[PDB]
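Accompanying notes for the structure given below.
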Protein chains: 2
Amino acid sequence: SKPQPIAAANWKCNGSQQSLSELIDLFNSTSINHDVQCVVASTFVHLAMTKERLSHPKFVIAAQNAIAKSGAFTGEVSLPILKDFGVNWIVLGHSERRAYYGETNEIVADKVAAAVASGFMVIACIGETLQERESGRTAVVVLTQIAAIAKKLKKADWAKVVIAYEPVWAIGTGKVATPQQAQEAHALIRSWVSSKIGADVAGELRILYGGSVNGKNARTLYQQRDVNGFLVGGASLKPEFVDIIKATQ
Amino acid sequence: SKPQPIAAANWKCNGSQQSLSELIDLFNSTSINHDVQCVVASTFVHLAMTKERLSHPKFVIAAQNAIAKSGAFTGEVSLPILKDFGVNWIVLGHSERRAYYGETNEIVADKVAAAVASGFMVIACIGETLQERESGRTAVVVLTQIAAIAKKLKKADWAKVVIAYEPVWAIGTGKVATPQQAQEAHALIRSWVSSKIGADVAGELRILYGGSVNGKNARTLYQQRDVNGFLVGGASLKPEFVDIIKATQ
């Protein structure tokens, strides 16, 4: 007994008008019987194509990042612009941003808080690196990341929030993540919420697995108690994403 | 005598569909009688709308930033995507990116060399800080900036390149440089080019001025020998942009 799952595709910084147009087609064709919220995070450049072309009812569009206020920030995109453009979902705190683009826990927190204020559905991303994991700091890192976010939110605000746990330790390091491992990080997340904010919020909360998912291991992964879905990377530019959606039943 | 000037609108992280379409309607409406290349730099989100409605033959569209390669860069936009979409101009190394988002002299040179290799027309930004100018180290800052970019370029590559000189202290402050300051700055940059690269190149290079340029003051600035145009933020959201265009020749 879980809440509404989410199948989110993060296309990352990839795609051509041609290649994504076809994807969108496959997607619009998919027969999805159950209650699943499907998401497509395109680049900023592709949002308009993606808006016109996604006709599927179970699918919404999401951005891959934003900054809270419009103004003198050459190359950046703000919340109000996305709001006016009719984007209502957004991915924040993605590890790649945390790594290459100076995204601290506090910077992330501000973004989430700003988004929730604007009325966005937010997929906020947390997860520890290998070094962190290997030093026995999984708990401390992860709970810190959620706590920084939590600081800027009222109870009410939680309804607009989705947590995606990214096992950075397993991503591009040579390591394998198991379903039990996933579940463990997940559990811990829920625990902290449950305790700090409340059981009600906790049960309503969506925790997404944001590691290596493919159409083969996605049902086994969904099988775990605190796995509400996936934040997908690689298999999101592929047909396989449909199986991924189907695994949420 | 002077190469063909550029008047570029740096919209920065601003706009709404309604508001931008208005600017565009005016733009289109305007009669430009002289040989000038007008550039419009919109957010990624707006490249669609802009490219679709902008009909004026003397205007081109430009992106405000990018990264060189596609891949796993959540939130970013790569040259290949831009190219695929129809963009051939790009503003790189803007000071806002150097301050806020970690863009080093090396990081700029790297984006510049790439963009030029992909076939873009690049507007490269260089400039000193308030601090730097007050200690009298301007000449040092600019030449290092310009020199970092040169390092990665071929002589033929200079054909695709446009240098914008944007003293950071003049950026959105009202504190515009005087025609003498702009001129000494520009002449210094030109001198570096003719020396290190070649007089051929130097004579053809367009060096634009940026920092509190408005309808009133543009005229005088342009009157300077080595000032080939402007890069305009704030005034480019208004109709006065029209005057700025007409201030060149």
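All residue names refer to the structure tokens as shown: chains lettered A, B, ... in order, residues numbered from 1 in each chain, ligands numbered from 1 in order.
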
Write out as a PyMOL selection string all residues of segment 68-242 of chain B that backbone DSSP assigns to alpha helix (DSSP H). chain B and resi 79-84+95-100+105-117+130-134+138-152+179-196+199-204+218-222+241-242

Taking 5 positions as the minimum chain separation for residues in the same chain, which residues sit within 9 Å of segment 153-157 of chain A when counting only C-alpha atoms? Answer as a short mmCIF file (atom, residue, chain, number, x, y, z; two decimals) with N, CA, C and O atoms, in the first residue's frame.
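Generated output (out_0.cif):
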data_model
loop_
_atom_site.label_atom_id
_atom_site.label_comp_id
_atom_site.auth_asym_id
_atom_site.auth_seq_id
_atom_site.Cartn_x
_atom_site.Cartn_y
_atom_site.Cartn_z
N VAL A 112 13.96 24.63 -4.10
CA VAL A 112 12.76 23.87 -3.79
C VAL A 112 11.70 24.72 -3.14
O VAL A 112 10.55 24.82 -3.55
N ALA A 113 12.14 25.45 -2.17
CA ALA A 113 11.28 26.35 -1.47
C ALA A 113 10.64 27.36 -2.42
O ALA A 113 9.42 27.41 -2.54
N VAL A 116 8.13 25.32 -4.73
CA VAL A 116 6.89 25.04 -4.01
C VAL A 116 6.02 26.29 -3.85
O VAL A 116 4.81 26.24 -4.04
N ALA A 117 6.67 27.44 -3.60
CA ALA A 117 5.98 28.71 -3.46
C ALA A 117 5.25 29.06 -4.72
O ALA A 117 4.14 29.57 -4.65
N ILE A 197 8.47 15.20 10.46
CA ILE A 197 7.33 15.93 9.93
C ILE A 197 6.01 15.30 10.31
O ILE A 197 5.02 16.01 10.53
N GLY A 198 5.95 13.97 10.22
CA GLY A 198 4.70 13.25 10.52
C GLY A 198 4.39 12.06 9.59
O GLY A 198 4.54 12.09 8.36
N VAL A 201 2.23 12.79 6.26
CA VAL A 201 3.08 13.25 5.17
C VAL A 201 3.90 12.08 4.63
O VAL A 201 3.91 11.83 3.43
#

What does the distance from atom CA of residue 7 of chain A to atom CA of residue 54 of chain A come to in Å, to one decimal? 15.1 Å

Could you please determine the separation between atom CA of residue 94 of chain A and atom CA of residue 72 of chain B in Å, to one decimal place? 10.7 Å

Residues of chain B within 9 Å of chain A, only C-alpha atoms counted, as a PyMOL selection string: chain B and resi 10-17+42-49+63-66+69-78+80-82+84-85+91+94-97+100-102+172+233-234

When you count only C-alpha atoms, which of these residues is closest to residue 140 of chain B: B:189, B:121, B:162, B:60?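 Closest candidate: B:189.
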
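When DSSP is run on the backbone, the residues of segment 63-212 of chain A that fall into strand (DSSP E) are residues 63, 89, 90, 91, 92, 121, 122, 123, 124, 125, 126, 161, 162, 163, 164, 165, 206, 207, 208 and 209 of chain A.
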
Contacts of residue 245 of chain B at 10 Å (only C-alpha atoms; same-chain gap of 3+ positions) as a list in words: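 The contact residues come out as residues 5, 6, 7, 8, 32, 34, 36, 37, 38, 215, 218, 219, 229, 230, 240, 241, 242, 248 and 249 of chain B.
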
Same residues, N, CA, C and O atoms, saved as a CSV table (one decimal), in the first residue's frame:
chain,number,residue,atom,x,y,z
B,5,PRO,N,28.9,46.7,-38.1
B,5,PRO,CA,28.6,46.7,-36.6
B,5,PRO,C,27.6,45.6,-36.3
B,5,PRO,O,26.9,45.1,-37.1
B,6,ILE,N,27.5,45.3,-35.0
B,6,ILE,CA,26.6,44.5,-34.4
B,6,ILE,C,25.8,45.2,-33.3
B,6,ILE,O,26.4,46.1,-32.7
B,7,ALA,N,24.5,45.0,-33.2
B,7,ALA,CA,23.7,45.5,-32.1
B,7,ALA,C,23.0,44.3,-31.6
B,7,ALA,O,22.4,43.6,-32.3
B,8,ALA,N,23.4,43.9,-30.4
B,8,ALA,CA,22.8,42.7,-29.8
B,8,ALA,C,22.1,42.9,-28.5
B,8,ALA,O,22.6,43.6,-27.6
B,32,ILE,N,15.5,49.2,-41.1
B,32,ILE,CA,16.9,49.4,-40.9
B,32,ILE,C,17.5,49.6,-42.2
B,32,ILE,O,17.3,48.8,-43.1
B,34,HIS,N,20.7,50.9,-43.0
B,34,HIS,CA,22.2,50.7,-43.1
B,34,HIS,C,22.6,49.2,-42.9
B,34,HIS,O,21.9,48.4,-42.3
B,36,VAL,N,24.0,46.8,-40.9
B,36,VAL,CA,24.1,46.4,-39.5
B,36,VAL,C,23.6,45.0,-39.2
B,36,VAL,O,22.6,44.6,-39.8
B,37,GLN,N,24.3,44.2,-38.4
B,37,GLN,CA,23.8,42.9,-38.0
B,37,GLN,C,23.2,43.0,-36.6
B,37,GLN,O,23.8,43.3,-35.6
B,38,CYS,N,21.8,42.7,-36.6
B,38,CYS,CA,21.2,42.8,-35.3
B,38,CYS,C,21.1,41.4,-34.7
B,38,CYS,O,20.9,40.5,-35.4
B,215,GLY,N,19.5,54.5,-25.3
B,215,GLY,CA,19.2,55.4,-26.5
B,215,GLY,C,20.0,56.7,-26.6
B,215,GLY,O,20.4,57.0,-27.8
B,218,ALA,N,24.4,55.9,-26.7
B,218,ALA,CA,25.0,55.1,-27.7
B,218,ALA,C,25.7,55.9,-28.8
B,218,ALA,O,26.8,55.5,-29.2
B,219,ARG,N,25.0,56.9,-29.3
B,219,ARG,CA,25.5,57.8,-30.4
B,219,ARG,C,27.0,58.1,-30.3
B,219,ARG,O,27.8,57.7,-31.1
B,229,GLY,N,30.0,48.6,-32.2
B,229,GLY,CA,28.7,48.3,-31.8
B,229,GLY,C,28.5,48.1,-30.2
B,229,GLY,O,29.5,48.4,-29.5
B,230,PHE,N,27.5,47.4,-29.9
B,230,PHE,CA,27.0,47.1,-28.5
B,230,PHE,C,26.4,45.8,-28.3
B,230,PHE,O,25.8,45.2,-29.1
B,240,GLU,N,13.7,51.5,-26.7
B,240,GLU,CA,14.8,52.2,-27.0
B,240,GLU,C,15.9,51.5,-27.8
B,240,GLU,O,16.7,52.2,-28.4
B,241,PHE,N,15.8,50.2,-27.8
B,241,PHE,CA,16.7,49.3,-28.5
B,241,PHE,C,16.8,49.7,-30.0
B,241,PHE,O,17.8,49.6,-30.6
B,242,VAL,N,15.6,50.3,-30.4
B,242,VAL,CA,15.5,50.7,-31.8
B,242,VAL,C,16.5,51.9,-32.0
B,242,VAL,O,17.2,51.9,-33.0
B,248,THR,N,24.2,53.1,-34.7
B,248,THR,CA,25.4,52.6,-35.5
B,248,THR,C,25.2,53.0,-36.9
B,248,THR,O,24.3,53.7,-37.3
B,249,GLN,N,26.2,52.6,-37.7
B,249,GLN,CA,26.3,52.9,-39.1
B,249,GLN,C,27.6,52.4,-39.8
B,249,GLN,O,27.6,51.5,-40.7

Contacts of residue 2 of chain A within 9 Å, only C-alpha atoms, excl. fewer than 3 positions in-chain, as a PDB file with N, CA and C atoms, in the first residue's frame:
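Listing of selection03.pdb after writing:
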ATOM      1  N   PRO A   5       2.473   6.100  -7.919  1.00  0.00           N
ATOM      2  CA  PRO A   5       3.845   6.074  -8.419  1.00  0.00           C
ATOM      3  C   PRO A   5       4.129   7.154  -9.464  1.00  0.00           C
ATOM      4  N   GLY A 203       3.517   8.820   4.591  1.00  0.00           N
ATOM      5  CA  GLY A 203       2.860   7.780   3.829  1.00  0.00           C
ATOM      6  C   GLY A 203       2.437   8.276   2.452  1.00  0.00           C
ATOM      7  N   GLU A 204       2.287   9.594   2.349  1.00  0.00           N
ATOM      8  CA  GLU A 204       1.804  10.196   1.124  1.00  0.00           C
ATOM      9  C   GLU A 204       2.960  10.469   0.186  1.00  0.00           C
ATOM     10  N   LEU A 205       4.134  10.497   0.786  1.00  0.00           N
ATOM     11  CA  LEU A 205       5.342  10.816   0.099  1.00  0.00           C
ATOM     12  C   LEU A 205       5.843   9.843  -0.916  1.00  0.00           C
ATOM     13  N   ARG A 206       6.261  10.383  -2.042  1.00  0.00           N
ATOM     14  CA  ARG A 206       6.841   9.603  -3.087  1.00  0.00           C
ATOM     15  C   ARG A 206       8.369   9.629  -3.058  1.00  0.00           C
ATOM     16  N   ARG A 225       9.141  -2.248  -0.582  1.00  0.00           N
ATOM     17  CA  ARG A 225       8.278  -1.459   0.245  1.00  0.00           C
ATOM     18  C   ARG A 225       8.317   0.080   0.077  1.00  0.00           C
ATOM     19  N   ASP A 226       9.501   0.685  -0.013  1.00  0.00           N
ATOM     20  CA  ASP A 226       9.454   2.130  -0.047  1.00  0.00           C
ATOM     21  C   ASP A 226       9.860   2.733  -1.363  1.00  0.00           C
ATOM     22  N   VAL A 227       9.756   1.923  -2.420  1.00  0.00           N
ATOM     23  CA  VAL A 227      10.039   2.397  -3.775  1.00  0.00           C
ATOM     24  C   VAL A 227       8.745   2.737  -4.488  1.00  0.00           C
ATOM     25  N   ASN A 228       8.555   4.063  -4.639  1.00  0.00           N
ATOM     26  CA  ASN A 228       7.435   4.669  -5.347  1.00  0.00           C
ATOM     27  C   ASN A 228       7.695   5.019  -6.826  1.00  0.00           C
TER      28      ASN A 228
END

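One finds atom CA of residue 105 of chain B at 15.6 Å from atom CA of residue 132 of chain B.
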